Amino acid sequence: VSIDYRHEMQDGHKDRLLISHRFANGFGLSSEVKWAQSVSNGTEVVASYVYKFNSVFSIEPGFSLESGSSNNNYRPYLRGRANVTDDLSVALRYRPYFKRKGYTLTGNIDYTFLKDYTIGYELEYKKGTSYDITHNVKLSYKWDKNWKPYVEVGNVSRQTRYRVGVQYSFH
């Protein structure tokens, strides 16, 4: 089980607390409380299964619902992942959204170095139906077996988005 707090700012601010767990059988579940000001709030829940074909490739179908003051939306997904080495993995996710319509396509490259550091590149395309492009860089550090602080800097277009957070892992 892990508890992840994150603070986000652009250019008011957003906060989240994400609680999740991945079972050894590949089933996973998470719940996220979110709050923001420029005031708003919301709750997202996610269920998924990682099916691994082997040590290189896996697929992850997912289901999510969000309920909040601003909006609600349903966002199922399918993430493929390829571990090209022990230290290097790539993934691609298709995630439609239906909100009170469109999809995102998200590519990730994650590289672990010096045991405890991971640098991630993320490229995300969002297209509505009735483009935005994100370039995001994440650096995280496994401080000890329980704590992993991290920072991310991304562009959205023009505007810069900053995140700092920490993940707590239970043992």
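Residue indices: 1-based, along the sequence shown.
Unmodelled residues of the deposited sequence between residue 38 and residue 39: 10 or more. Comparing the deposited coordinates for 68-76 and 82-90, the stretch with the larger average C-alpha B-factor is 68-76.
Relative to its counterpart among 47-55 and 121-129, 121-129 has the higher mean temperature factor, C-alpha atoms as listed in the PDB entry. For residue 9, the recorded CA B-factor ranks within the middle third of the chain. Only modelled residues enter the ranking. For residue 160, the recorded CA temperature factor ranks within the middle third of the chain's modelled residues.
In this PDB entry, residue 107 carries a Cα temperature factor that places it within the lowest third of its chain's modelled residues. Residue 33: CA B factor lies in the middle third for its chain, per the PDB record. Ranked within its chain, residue 62 lands in the lowest third, by CA B factor from the PDB record.
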